[PDB]
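Both ligands and their constituent atoms are indexed starting at 1 by order of listing. Residues take their numbers from the sequence shown, with the count starting at 1. These values consider heavy atoms only, across backbone and side chains, with no hydrogens, waters or symmetry-generated copies.
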Amino acid sequence: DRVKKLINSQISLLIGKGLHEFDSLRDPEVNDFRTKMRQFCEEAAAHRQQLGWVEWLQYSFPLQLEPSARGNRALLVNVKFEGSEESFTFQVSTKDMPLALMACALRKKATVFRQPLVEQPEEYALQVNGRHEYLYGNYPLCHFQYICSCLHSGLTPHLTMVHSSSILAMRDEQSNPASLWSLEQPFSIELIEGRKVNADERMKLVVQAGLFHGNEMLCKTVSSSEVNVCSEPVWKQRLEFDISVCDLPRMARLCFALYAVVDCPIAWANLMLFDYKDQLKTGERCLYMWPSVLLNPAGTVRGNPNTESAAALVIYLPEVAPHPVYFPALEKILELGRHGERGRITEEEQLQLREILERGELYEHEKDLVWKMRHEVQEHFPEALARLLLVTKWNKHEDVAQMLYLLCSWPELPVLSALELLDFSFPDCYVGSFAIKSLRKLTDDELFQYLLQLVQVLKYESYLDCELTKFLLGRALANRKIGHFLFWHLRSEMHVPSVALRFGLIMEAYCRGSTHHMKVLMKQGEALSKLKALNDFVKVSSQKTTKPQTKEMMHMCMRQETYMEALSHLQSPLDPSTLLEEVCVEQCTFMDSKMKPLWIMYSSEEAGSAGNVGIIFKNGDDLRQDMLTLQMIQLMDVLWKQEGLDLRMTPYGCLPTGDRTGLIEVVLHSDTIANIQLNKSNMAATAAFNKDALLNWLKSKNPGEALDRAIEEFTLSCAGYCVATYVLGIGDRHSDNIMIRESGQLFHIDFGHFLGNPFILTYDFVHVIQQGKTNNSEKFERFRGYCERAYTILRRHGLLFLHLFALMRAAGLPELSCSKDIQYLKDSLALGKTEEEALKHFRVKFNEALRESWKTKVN
Ligand SMILES: CNS(=O)(=O)c1cc(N2CCOc3ccc(C(=O)NC4CCN(C)CC4)cc32)cnc1OC
């Protein structure tokens, strides 16, 4: 089939890894995942191509609703009919549903075109002009992001009446073409020899190994004897662990750490004891070690792919039985765990359990209580499942068998509890499966909010075919926006050798279930290719020639045939709803930063004002910390809007796309507090006192009565950023990374340093809040009010921040690698305290930042 071979080269191109590389591994796990996932994904591709037209809209154009709408006023809208210049502007209510708007559009059409139309309002969908956005469903118009956004900017919604027939034309054009428990002996292994080893000649090499279940030690850590340093060290010694073979859990991992002493770590390596087919491993294995920066229980259970350089470690997994031993089936595990003894205790110990389970480290006598009252947990306190799972002796199969009996009979938990079970603290595969079962309830909007964390959990996975992968693939194929971001979250880390096989495999499976989207993602990947080359010309040229000259040699290069085709007509990788239509070459430029970031301007004739967008292409810098912080800010925005608090936040797009490569979304009509404070002459803001510049600037951008709105936009946005930077630890705040929109909105940029590494408020910010006045405690205290209100809202969702940041440890961020970094967040959200005790601390911290604010005023 010539059809398949072209698809095959395109997939290889898109994932920046040849599909021949996978078949060159000779690996059956890789081949079984490929075959099984292609099956699963083509079944999804088939389901989708036969979806209803409204159902196909829900896949392609999932609704962008306001946080308040999820789970009154007079409005003016302009409606057109697909394939016509003629448009109708009309009045509607913010309480009207799209069906009433479509009935208005058809009634106007009927009188204008002089026809008693057969055309039903139910037969249409409202597209947002020049955007991959639709308004459908029975929701009042204000509930839609585009409408609600339009009201705030004072713009007119621009819609196109799209008939069910053209939506089916879209679907059709986009279709895919045609026994262990009987082996009492302790755990032992023969450490044979090392290969391609590097260490100082003075030193004497030792191998240390431990048996783990995620983090927790199954038994005491055991080290080996000292060997003289050479390229090929030779041990041939037996390490006997304090654990019977029957007591080994399913998810047991044997972890190694090679370190030279007279003290320095050289390399580390891990392997699962049971294979993907649940059989206990025996024989000789070649552990291609990763460079060490004291075992690494978290690191990949897959060897270093660069088999040349890597310092290998030859081991012998000894034969435990003269027959192959597999891990007992769930039906076997449940038999052993069913027959248990129930905990009967007095009213006194009943108080102790309710006290401790609600109150998360414990004491060894209390762990014995929680285990004895484990039936009471399932019944009275199900959400305490995590505590109980932690007090389970995972190195003893009888206890583990008793736990899975309660787990398989456990009620489904809320999404907060399930997200907590995704952590590496709960490495059991049935616990992983239970957590996912309790997450199936996630809305596509919620899933999209936690997608980044779920992607990091993929790195904690021990085997390729897992329930999390199956889930994120099925949700991606059921939603084109989830599909888009899942693709990019994976594609961006393809340069990392530990994840390039897993991520490359997930992308291939996705591509098999979405042939059309692949071609849409290839077009994006082709634009990004050209931007790297164009950035490289800029980087070189900016050194030799002045900025106006480089700017024009870039503009010349952009005008080239291949660049014009490449950079035009594409879905924005920062937003699939945003179409990057016509590149405005003359308006493109670059920054005077070390990486010479490129500013790419775009416009749409069909979208009008909505099409005038820009992207920033940054190569040389790692954007993963900006994307986290912004996603965390966006969360706060959603959390606040849900309590009816709109703090006019600007959580702009930021997306890593490759190795120190990514895009950031341009927020137009905005300057830096720095550029404004320059206080340049002949400018409208030219201030007598520097404190005035910022307000003179707002006065200049918002004439007359509008300034009062611009001050409120600034006050609210200012309050939300004071909290965001406190709670999050956003340090290194200068005048050049605090920006202001012409609307009055304040926002922060350049989040390379968070979590410590209180609030930063100068008197010109206080001056704007105070409306120029010196003494204005009425206005200043509303700002403190908004700050406290916003902070109390976040604390209530403190655990959601805690659990998200926890799963984000897997991401390999240097400022987010251990529990000492989640510490800042527990301190800032004051979670081990009652709301008043927490408010008292916030008040003190606010006053302490306010006393630090009056240092500026002293002058
Ligand atoms: C620091 N420059 S960057 O890499 O382009 C970058 C940009 C942004 N955002 C994205 C949101 O929308 C924006 C709008 C404006 C700006 C900006 O820096 N304009 C200044 C204003 C004063 N002029 C004299 C020079 C240009 C930046 C952003 C964020 N992060 C970045 O890096 C980490």
Side-chain angles (χ1 to χ4, degrees), residues 153 492 528 531-532 534-536 538-539 542 546-548 550-551 554 572-575 578 580 584 587-602 612-634 637 648-658 660-680 682-685 693-694 697-698 700-701 713 717 720-721 724-725 728 730-754 813 815:
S153 71
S492 75
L528 289 165
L531 292 168
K532 164 67 155 106
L534 183 66
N535 210 160
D536 289 10
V538 167
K539 275 159 157 141
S542 64
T546 67
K547 206 252 196 163
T550 311
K551 256 207 73 166
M554 169 195 164
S572 169
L574 302 160
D575 197 24
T578 304
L580 297 192
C584 302
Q587 235 218 303
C588 306
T589 186
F590 67 92
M591 288 290 293
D592 305 320
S593 316
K594 304 167 204 175
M595 305 304 138
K596 308 293 163 206
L598 316 170
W599 279 53
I600 322 298
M601 298 312 302
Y602 285 87
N612 309 322
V613 301
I615 61 167
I616 297 143
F617 170 83
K618 198 187 225 190
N619 170 237
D621 235 298
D622 165 42
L623 294 173
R624 295 175 309 167
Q625 208 160 281
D626 277 61
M627 175 187 55
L628 186 67
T629 304
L630 281 160
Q631 281 198 21
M632 284 305 171
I633 295 169
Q634 214 281 296
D637 189 41
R648 313 295 294 127
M649 303 296 281
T650 292
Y652 57 80
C654 185
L655 185 82
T657 44
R660 276 165 297 143
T661 289
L663 313 181
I664 312 182
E665 166 196 14
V666 170
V667 169
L668 300 145
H669 311 291
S670 73
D671 215 353
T672 54
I673 297 301
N675 211 235
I676 300 152
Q677 287 157 343
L678 290 175
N679 194 35
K680 275 152 171 169
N682 194 32
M683 301 291 204
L694 235 163
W697 185 82
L698 291 166
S700 90
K701 302 287 171 180
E713 299 282 68
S717 67
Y721 278 95
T725 57
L728 288 176
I730 318 295
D732 208 35
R733 293 295 93 191
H734 318 122
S735 61
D736 33 78
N737 53 36
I738 305 161
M739 296 205 92
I740 183 168
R741 313 193 55 183
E742 298 181 351
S743 51
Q745 279 150 276
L746 190 137
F747 69 98
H748 292 198
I749 67 150
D750 193 29
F751 305 118
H753 301 283
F754 78 164
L813 297 156
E815 279 167 84

Worksheet item: Relative to ligand 1, is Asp750 under 4.0 angstrom through side chain, backbone, both or neither, heavy atoms considered?
Response: both
Worksheet item: Of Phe590, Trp599, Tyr652, which has the heavy atom at the shortest distance from atom 29 (C) of ligand 1?
Response: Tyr652
Worksheet entry | Per-atom contacts of ligand 1 with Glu665, taking only distances under 4.0 Å to non-hydrogen atoms | 10 (C), 11 (C), 12 (O)
Item to complete: Determine, for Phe590 and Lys547, whether the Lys NZ or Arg CZ falls below 6.0 Å from the six-membered ring centre while staying within 45 degrees of the axis.
Response: yes
Item to complete: Sort out for me which residue in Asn612, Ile615, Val666 forms a side-chain contact (heavy atoms from CB on, under 4.5 Å) with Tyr602.
Response: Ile615
Discussion item. Regarding ligand 1, does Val667 bring an N or O atom to under 3.5 Å of one of the ligand's N or O atoms?
Written reply: yes
Worksheet, complete the sentence: Within 4.0 Å of some non-hydrogen atom of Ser670, the atoms of ligand 1 are 14 (C)
Discussion item. Are the side chains of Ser670 and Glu742 in contact, using a 4.5 Å heavy-atom criterion?
Written reply: no
Worksheet, complete the sentence: Quick note on ligand 1: atoms under 4.0 Å from a heavy atom of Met591 include exactly 2 (N), 5 (O), 26 (C)
Worksheet item: Going by atom types alone, do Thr650 and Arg741 pair a side-chain donor with an acceptor below 3.5 Å?
Response: yes
Discussion item. Given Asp671, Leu623, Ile664, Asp592, identify the one with the heavy atom nearest to atom 22 (C) of ligand 1.
Written reply: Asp671
Worksheet, complete the sentence: atom 24 (C) of ligand 1 sits nearest the protein heavy atom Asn675 ND2, 3.6 Å
Worksheet item: To the nearest 0.1 Å, how far is atom 3 (S) of ligand 1 from its closest protein heavy atom, and which atom is that?
Response: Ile616 CG2, 4.2 Å
Discussion item. Which of the numbered atoms in ligand 1 are under 4.0 angstrom from any heavy atom belonging to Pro597?
Written reply: 4 (O)
Response to the item:
The side-chain contact (heavy atoms from CB on, under 4.5 Å) partner of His748 among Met649, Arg733, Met739 is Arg733
Practice prompt. From the options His669, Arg741, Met739, select the one whose nearest heavy atom is closest to atom 28 (C) of ligand 1.
Written response: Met739
Practice prompt. List every atom of ligand 1 that sits less than 4.0 Å from any heavy atom of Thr672, numbering the atoms from 1 in the order shown and giving each element.
Written response: 21 (C), 22 (C)
Practice prompt. Would you tell me whether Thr661 and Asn619 have side-chain atoms, one donor and one acceptor, within less than 3.5 Å of each other?
Written response: yes
Worksheet item: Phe751 pairs by side-chain contact (heavy atoms from CB on, under 4.5 Å) with which of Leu628, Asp626, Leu623, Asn737?
Response: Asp626
Worksheet item: Side chains of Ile730 and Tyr721: closer than 4.5 Å at any heavy-atom pair?
Response: no
Practice prompt. State the atoms of ligand 1, each with its element, that fall below the 4.0 Å cut-off from a heavy-atom position in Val666.
Written response: 12 (O)
Worksheet item: Does the pair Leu668 and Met601 meet the rule for a side chain to side chain contact (heavy atoms under 4.5 Å, CB included), with working shown?
Response: CA-CA 10 Å; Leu668 300 145; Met601 298 312 302; 3.7 Å; yes
Practice prompt. For atom 4 (O) of ligand 1, find the nearest protein heavy atom and state the residue, atom name and distance (0.1 Å precision).
Written response: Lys618 CE, 3.3 Å
